[PDB]
Amino acid sequence: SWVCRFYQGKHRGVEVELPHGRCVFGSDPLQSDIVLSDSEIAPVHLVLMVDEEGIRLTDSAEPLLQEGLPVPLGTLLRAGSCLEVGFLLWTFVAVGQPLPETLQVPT
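Residues numbered from 1 in each chain as written, not as in the entry; some residues may be left out. Heavy atoms only, no water.

Method of structure determination, per the deposited record: X-ray crystallography was used for this entry, reaching 2.519 Å resolution.

Structural data, given as C-alpha coordinates:
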(Lines give C-alpha, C1' and ligand atoms only; values in the text may rest on other atoms or scores of the structure.)
Protein backbone atom coordinates (compact mmCIF):
# COMPACT_ATOMS: atom_id res chain seq x y z
CA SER A 1 0.00 0.00 0.00
CA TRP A 2 2.55 2.68 1.04
CA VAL A 3 6.31 3.07 0.68
CA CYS A 4 8.51 5.45 2.65
CA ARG A 5 12.07 6.72 2.14
CA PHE A 6 14.67 8.13 4.55
CA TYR A 7 16.91 11.07 3.67
CA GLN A 8 19.41 11.44 6.45
CA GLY A 9 22.02 9.40 8.30
CA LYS A 10 22.71 5.69 8.11
CA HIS A 11 19.58 4.71 6.22
CA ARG A 12 19.62 7.51 3.67
CA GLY A 13 18.14 6.38 0.36
CA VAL A 14 16.63 3.20 1.77
CA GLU A 15 12.98 2.68 0.84
CA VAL A 16 10.69 0.74 3.14
CA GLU A 17 7.33 -0.97 2.69
CA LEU A 18 4.92 0.22 5.37
CA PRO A 19 2.99 -2.50 7.20
CA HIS A 20 -0.71 -2.20 8.03
CA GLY A 21 -1.66 -1.09 10.52
CA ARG A 22 0.16 -0.08 13.72
CA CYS A 23 3.67 0.81 12.58
CA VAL A 24 6.59 1.71 14.83
CA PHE A 25 9.89 3.34 13.89
CA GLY A 26 12.54 3.17 16.55
CA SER A 27 16.01 2.03 17.50
CA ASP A 28 14.71 -0.65 19.88
CA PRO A 29 13.97 -3.83 17.86
CA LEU A 30 11.86 -5.08 20.79
CA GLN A 31 9.44 -2.23 20.28
CA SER A 32 9.84 -1.22 16.63
CA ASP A 33 8.76 -2.61 13.27
CA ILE A 34 11.20 -0.46 11.35
CA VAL A 35 14.49 -0.40 13.13
CA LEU A 36 16.69 2.63 12.68
CA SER A 37 20.31 2.49 13.79
CA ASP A 38 21.16 6.22 14.17
CA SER A 39 21.99 7.21 17.75
CA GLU A 40 19.78 10.30 17.42
CA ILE A 41 16.82 7.88 17.22
CA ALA A 42 14.78 6.96 20.31
CA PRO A 43 13.86 3.31 21.24
CA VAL A 44 10.36 4.25 20.13
CA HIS A 45 10.60 7.21 17.79
CA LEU A 46 7.45 7.37 15.61
CA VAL A 47 4.17 5.41 15.66
CA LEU A 48 1.80 5.48 12.75
CA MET A 49 -1.55 3.95 12.01
CA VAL A 50 -1.50 2.51 8.50
CA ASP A 51 -4.30 1.37 6.24
CA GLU A 52 -5.07 1.67 2.55
CA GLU A 53 -6.83 5.02 2.94
CA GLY A 54 -3.77 6.68 4.42
CA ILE A 55 -1.48 7.10 7.37
CA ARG A 56 -2.09 8.88 10.65
CA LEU A 57 0.21 10.16 13.33
CA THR A 58 -0.22 8.24 16.58
CA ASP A 59 2.73 9.16 18.71
CA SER A 60 6.26 10.49 18.33
CA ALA A 61 9.35 10.96 20.49
CA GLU A 62 9.16 14.57 19.40
CA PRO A 63 6.76 16.72 17.45
CA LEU A 64 6.22 15.60 13.85
CA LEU A 65 6.59 18.47 11.40
CA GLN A 66 4.91 18.24 8.02
CA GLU A 67 6.24 20.85 5.63
CA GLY A 68 7.50 22.61 8.76
CA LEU A 69 4.19 22.64 10.66
CA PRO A 70 3.45 20.49 13.73
CA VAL A 71 0.90 17.76 13.18
CA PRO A 72 -1.86 17.00 15.71
CA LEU A 73 -1.97 13.42 16.97
CA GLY A 74 -4.64 11.71 14.86
CA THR A 75 -4.06 13.68 11.67
CA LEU A 76 -3.83 12.02 8.30
CA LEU A 77 -0.46 12.74 6.64
CA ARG A 78 0.26 14.12 3.19
CA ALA A 79 1.97 11.69 0.78
CA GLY A 80 5.08 13.21 -0.79
CA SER A 81 5.56 15.94 1.80
CA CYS A 82 8.59 16.72 3.91
CA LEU A 83 8.23 14.89 7.24
CA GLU A 84 10.57 15.26 10.20
CA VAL A 85 10.69 13.84 13.73
CA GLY A 86 13.93 15.25 15.10
CA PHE A 87 16.64 13.47 13.11
CA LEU A 88 14.09 11.25 11.33
CA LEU A 89 13.64 12.86 7.91
CA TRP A 90 11.35 11.06 5.52
CA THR A 91 8.45 10.89 3.15
CA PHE A 92 6.06 8.30 1.78
CA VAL A 93 4.03 7.72 -1.35
CA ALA A 94 1.44 5.31 -2.70
CA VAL A 95 3.04 2.03 -3.73
CA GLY A 96 3.01 2.74 -7.45
CA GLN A 97 4.60 6.19 -7.15
CA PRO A 98 8.20 7.51 -7.46
CA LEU A 99 9.89 8.73 -4.27
CA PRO A 100 11.69 12.13 -4.39
CA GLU A 101 15.48 11.89 -4.57
CA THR A 102 15.84 14.98 -2.34
CA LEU A 103 13.76 16.69 0.37
CA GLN A 104 13.73 20.41 0.98
CA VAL A 105 13.37 21.22 4.65
CA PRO A 106 11.35 24.42 5.35
CA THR A 107 12.99 25.72 8.58
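A. Layout of the environment of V14. One can find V14 in the loop between β1 (2–6) and β2 (15–18). Considering only alpha carbons, one finds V14 and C4, 10 residues apart in sequence, at a separation of 8.5 Å. With sequence-adjacent residues up to four places away left out, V14 is seen in contact with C4, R5 and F6. (Helix = DSSP H or I, 4+ residues; strand = E, 2+ residues; numbered from the N terminus. Contact = heavy atoms within 4.5 Å.)

B. Quick look at the sheet that holds strand β4 (residues 34–35). Spatial strand order, β4-β3-β5-β6: 4 strands in an open sheet with mixed pairing. One side of each edge strand has no neighbouring strand; the edge strands of this open sheet are β4 and β6 (55–60). Bridging between strand β5 (residues 46–50) and β6 involves 5 bridges; their strand directions are antiparallel. Residue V47 lies in a different strand from β6, and its bridge partner there is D59. (Pairing = 2+ DSSP bridges.)

C. Spatial organisation of the side chain of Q66. Secondary-structure assignment places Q66 in strand β7 (residues 64–66). Owing to a relative accessible area of 11%, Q66 belongs among the buried residues under this scheme. Polar contacts involving the side chain of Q66 include one to the main-chain amide nitrogen of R78, which spans 2.7 Å. (Buried < 20%, exposed > 50% of the residue type's maximum accessible area, 1.4 Å probe, protein only. Polar contact = N/O pair within 3.5 Å; in protein donor to acceptor, adjacent residues only side chain to side chain.)

D. A look at the state of the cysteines. Following the criterion strictly, the structure yields 0 disulfides and no others. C4 carries a free sulfur, and the closest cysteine sulfur to it, the one in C23, is 7.5 Å from it. Accessibility expressed as a relative area gives 0% for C23, which makes it buried. (Disulfide = S-S within 2.5 Å.)

E. Examining the packing of aromatic side chains more closely. As enumerated under the stated definition, the model contains 4 aromatic pairs in all. Geometrically, the ring pair formed by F6 and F25 is edge-to-face, given 6.2 Å between the ring centres and 85° between the ring planes. Taken together, the residues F6 in strand β1 and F25 in strand β3 (residues 21–26) connect sequence positions 19 residues apart. The buried category is assigned to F6, whose relative accessible area is 4%. (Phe/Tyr/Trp six-rings, centres within 6.5 Å; stacked < 30°, edge-to-face > 60°.)

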